[PDB]
Protein chains: 2
Amino acid sequence: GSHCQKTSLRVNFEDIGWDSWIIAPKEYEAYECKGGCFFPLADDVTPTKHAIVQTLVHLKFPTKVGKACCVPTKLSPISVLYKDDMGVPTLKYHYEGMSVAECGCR
Amino acid sequence: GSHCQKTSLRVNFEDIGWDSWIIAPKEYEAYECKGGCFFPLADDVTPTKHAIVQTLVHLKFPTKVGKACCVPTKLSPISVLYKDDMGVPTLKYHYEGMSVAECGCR
Ligand SMILES: [Cl-]
Ligand SMILES: [Cl-]
Ligand SMILES: [Cl-]
Ligand SMILES: [Cl-]
Ligand SMILES: [Cl-]
Ligand SMILES: [Cl-]
Ligand SMILES: [Cl-]
Ligand SMILES: [Cl-]
Ligand SMILES: [Cl-]
Ligand SMILES: [Cl-]
Ligand SMILES: [Cl-]
Ligand SMILES: [Cl-]
Ligand SMILES: [Cl-]
Ligand SMILES: [Cl-]
Ligand SMILES: [Cl-]
Ligand SMILES: [Cl-]
Ligand SMILES: [Cl-]
Ligand SMILES: [Cl-]
Ligand SMILES: [Cl-]
Ligand SMILES: [Cl-]
Ligand code: NA
Ligand code: NA
Ligand code: NA
Ligand code: NA
Ligand code: NA
Ligand code: NA
Ligand code: NA
Ligand code: NA
Ligand code: NA
Ligand code: NA
């Protein structure tokens, strides 16, 4: 059963060019949503009625319409230490939207 | 500029097998979210910080991590006429989650 679920994803801030403004941490666990959104669906998928409808339309017209996407449906914050406008390392206690809390088909 | 946006999608309830319980309408405009989530991003995309991070990670590791997905970020209801448990056609005035209101990268 390869369905929509949260899997691990470690993000190094240098690799994505954010080290120019983020002192710490060097890496963090962001997670990612992976898997398909096909029938039969799972319970923790929590699909919208449109995702269900679009998945049905994709089954009968695969070349015209795409299927639903396994995406983050809830995010969690992290803390980052960033240089202030005058170079002062400053804590951003709740840097929102950075880590996956829940996945779902949309 | 092929970015994330709402495009037309007409859904025939018979084609998806929902005519067994939906008398009317026969078809409805559900819309769909289509387009890529790549940089440079648009203003009406409203991307989360994780979608931006994942897109950056996908650029440097295309085979390991996928990119962000253009998905519905707000849905609108429709009205449907459905047969009751005793065959009585009944109006569902606000059948929620059926039509796309806004698209975005997630
Ligand atoms: Cl299965
Ligand atoms: Cl199902
Ligand atoms: Cl929902
Ligand atoms: Cl297919
Ligand atoms: Cl397609
Ligand atoms: Cl969110
Ligand atoms: Cl706290
Ligand atoms: Cl904060
Ligand atoms: Cl923030
Ligand atoms: Cl965010
Ligand atoms: Cl462009
Ligand atoms: Cl951008
Ligand atoms: Cl947001
Ligand atoms: Cl690519
Ligand atoms: Cl992949
Ligand atoms: Cl939604
Ligand atoms: Cl009304
Ligand atoms: Cl209602
Ligand atoms: Cl409803
Ligand atoms: Cl819904
Ligand atoms: Na087709
Ligand atoms: Na997907
Ligand atoms: Na999200
Ligand atoms: Na939170
Ligand atoms: Na958020
Ligand atoms: Na790679
Ligand atoms: Na997409
Ligand atoms: Na949605
Ligand atoms: Na509404
Ligand atoms: Na909804």
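Order of the sequence lines fixes the chain letters, A, B, ..., with proteins taken first and strands second; residue numbering starts at 1 for each chain. These numbers come from the heavy atoms of this one structure, side chains and all, not from hydrogens, waters or symmetry mates.
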Greater than 12 external heavy atoms within 6.0 Å of B/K6's NZ = yes
request  = Return the minimal non-hydrogen interatomic distance between B/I23 and B/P89, and the atom names on each side.
outcome  = CD1-CB, 3.4 Å
query = Are A/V80 and B/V53 connected in the hydrophobic side-chain network, where two residues link if heavy atoms are under 4.5 Å apart?
reply = yes
note = A/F38 meets the ring-ring contact (aromatic ring centres under 6.0 Å, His included) criterion, sequence neighbours left out, with A/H3
request  = Return each pair, listed once, that meets salt bridge (charged side-chain N to carboxylate O under 4.0 Å, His left out) where at least one residue sits in residues 29-53 of chain A; pairs must be two or more places apart or across chains.
outcome  = A/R10-A/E29
inquiry  = Let's go through B/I52 and B/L41 carefully: what are the C-alpha distance in whole Å and the side-chain angles of both, what is the deciding distance for side-chain contact (heavy atoms from CB on, under 4.5 Å) to 0.1 Å, and is it a yes or a no?
reply    = CA-CA 9 Å; B/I52 295 165; B/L41 292 172; 4.0 Å; yes
inquiry  = If the condition is ring-ring contact (aromatic ring centres under 6.0 Å, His included), which residues does A/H58 pass it with, not counting sequence neighbours?
reply    = none
key: Partner residues of A/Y82 under the ring-ring contact (aromatic ring centres under 6.0 Å, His included) criterion, sequence neighbours left out   = none
N/O donor-acceptor pair under 3.5 Å between B/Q54 side chain and B/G66 backbone = yes
ask   = Any side-chain heavy-atom pair from A/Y31 and A/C103 closer than 4.5 angstrom?
value = no
message = When you compare the side chain of A/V100 with that of B/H50, does any pair of heavy atoms fall below 4.5 Å?
response = yes
Hphob cluster co-occupancy, B/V57 + A/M98, side-chain heavy atoms under 4.5 angstrom = yes
task = Sequence neighbours left out, what pairs pass salt bridge (charged side-chain N to carboxylate O under 4.0 Å, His left out) with at least one residue falling in residues 79-106 of chain A?
result = none
message = State whether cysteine residues B/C69 and B/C105 meet the disulfide criterion of an SG-SG distance below 2.5 Å.
response = no
inquiry  = Show every ring-ring contact (aromatic ring centres under 6.0 Å, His included) that has at least one partner inside residues 83-105 of chain A, sequence neighbours left out.
reply    = A/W21-A/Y95
ask   = Would you say B/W18 and A/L56 make side-chain contact, with heavy atoms under 4.5 Å?
value = yes
Joint hydrophobic cluster, A/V45 plus B/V71, side-chain heavy atoms closer than 4.5 Å = no
Evaluation steps, side-chain contact (heavy atoms from CB on, under 4.5 Å), between B/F39 and B/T55 = CA-CA 8 Å; B/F39 295 98; B/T55 305; 3.6 Å; yes
task = Determine, stepwise, if the pair B/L81 / B/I22 fulfils side-chain contact (heavy atoms from CB on, under 4.5 Å).
result = CA-CA 6 Å; B/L81 186 59; B/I22 283 175; over 6 Å; no
ask   = Which heavy atom in B/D15 sits nearest to a heavy atom in A/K60, and how many Å separate them?
value = O-CD, 3.2 Å
message = Could you check whether the SG atoms of A/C4 and A/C70 sit less than 2.5 Å apart, since that is the cutoff I want to apply?
response = yes
ask   = Between B/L9 and B/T7, is any pair of side-chain heavy atoms under 4.5 Å apart?
value = no
